[PDB]
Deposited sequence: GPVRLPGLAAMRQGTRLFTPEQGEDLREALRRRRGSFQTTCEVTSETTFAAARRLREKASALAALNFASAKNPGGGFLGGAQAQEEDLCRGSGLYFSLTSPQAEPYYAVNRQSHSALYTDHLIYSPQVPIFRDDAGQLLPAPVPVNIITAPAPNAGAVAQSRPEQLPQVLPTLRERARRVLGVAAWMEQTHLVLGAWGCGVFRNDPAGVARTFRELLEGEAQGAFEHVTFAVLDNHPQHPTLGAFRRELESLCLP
């Protein structure tokens, strides 16, 4: 029969959906991990997968945040990886079905956890000699641009939606015992969330509820714009977390 391609079945079968009603269990998992580590934080000018590939030898419990679409499984972490084979798993289907029927550009607090997704290619699109597996957390940031255009009365709700969903990202990471996280400018760019505000949201959590819950947090923010405004905003906001 068909050749079994390495690791793809285990990734798909191990994919996990987190639903809104699991918020409290996620909060408890994060609370138990709080204070475990003297967290190291850094803000780097790297792509998400370049950071994951650099760190994957340093740690196996490494997870990256995928800046995902809410409705369909400009580029997310499916590019260069096996992630689509996980996001289309049957257990992940409610993430797409519920977000579609919500009809809200704030979306819902569904998250997908994808274990040991193979990274197949580098930043330039060339094949890696050996794929590099990383865990991936998929959750959509609120689409501030779409809220502003089509439901402006929801615009004051973008910040609390972003914070509560960021809290659940960290909670999923703690729930799956992840020690290393690759975060970044989640929802910035096309969704038009402000970079300083996204950085400040993660700062609030990492200096509070999630303080010491992770060994290492990398904010991978590749920015080649002349004034580096996105990378600069993250560095300015997260300065106090980044001091060695």
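Q: When the deposited sequence is counted from residue 1, which ranges lack any model?
A: Comparing the full sequence with the modelled residues, the uncovered range comes out as just 74-84.
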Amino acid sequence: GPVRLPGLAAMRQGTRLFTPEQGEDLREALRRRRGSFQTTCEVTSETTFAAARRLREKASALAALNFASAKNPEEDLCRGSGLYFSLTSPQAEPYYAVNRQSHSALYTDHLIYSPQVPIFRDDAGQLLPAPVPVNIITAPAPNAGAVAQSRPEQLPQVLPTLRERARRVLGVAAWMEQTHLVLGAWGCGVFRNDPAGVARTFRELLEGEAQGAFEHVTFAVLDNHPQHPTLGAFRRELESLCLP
From here on, numbers count along this sequence of modelled residues.
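Note that the rigid core is defined as the largest set of C-alphas that superpose within 1.5 Å between two forms.
Q: Which of the two stretches, 3-11 versus 233-241, has its Cα atoms farther on average from this form in 4 other deposited structures of this protein when everything is superposed by the rigid core?
A: Most displaced of the pair in 4 other deposited structures of this protein: 3-11.
Q: Do the Cα atoms of 78-86 stray more than those of 165-173 in 4 other deposited structures of this protein, or is it the other way round, with the core held fixed?
A: Result of the core-fitted comparison in 4 other deposited structures of this protein: 78-86 deviates more.
Q: Name the higher of the two by mean Cα B-factor in the PDB entry, 10-18 versus 222-230.
A: Result of the comparison: 222-230.
Q: Averaging C-alpha B-factors over each stretch, which comes out higher, 200-208 or 25-33?
A: Comparing 200-208 with 25-33, the higher average CA B-factor belongs to 25-33.
Q: Looking at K71, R121, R167, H110, which has the highest CA B-factor as recorded?
A: Of the candidates given, the C-alpha B-factor peaks at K71.
Q: Looking at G82, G125, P156, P133, which one carries the largest C-alpha B-factor according to the PDB entry?
A: That would be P156.
Q: Taking the values exactly as deposited, rank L241 by C-alpha B-factor within its chain and report the matching third: lowest, middle or highest.
A: For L241, the deposited C-alpha B-factor lands in the middle third.
Q: When the modelled residues of the chain are sorted by Cα temperature factor, does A92 land in the lowest, middle or highest third?
A: As the PDB entry reports it, the C-alpha B-factor of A92 lands in the middle third of its chain.
Q: Which third, lowest, middle or highest, does the CA B-factor of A146 fall in along this chain?
A: For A146, whose C-alpha B-factor we compare with every modelled residue in the chain, the answer is the highest third.
Q: Taking the entry's C-alpha B-factors for this chain, is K58 in the lowest, middle or highest third?
A: Answer is highest: the recorded C-alpha B-factor places it there.
Q: Taking the values exactly as deposited, rank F191 by C-alpha B-factor within its chain and report the matching third: lowest, middle or highest.
A: Its C-alpha B-factor, which the entry lists for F191, ranks in the middle third among residues of this chain.
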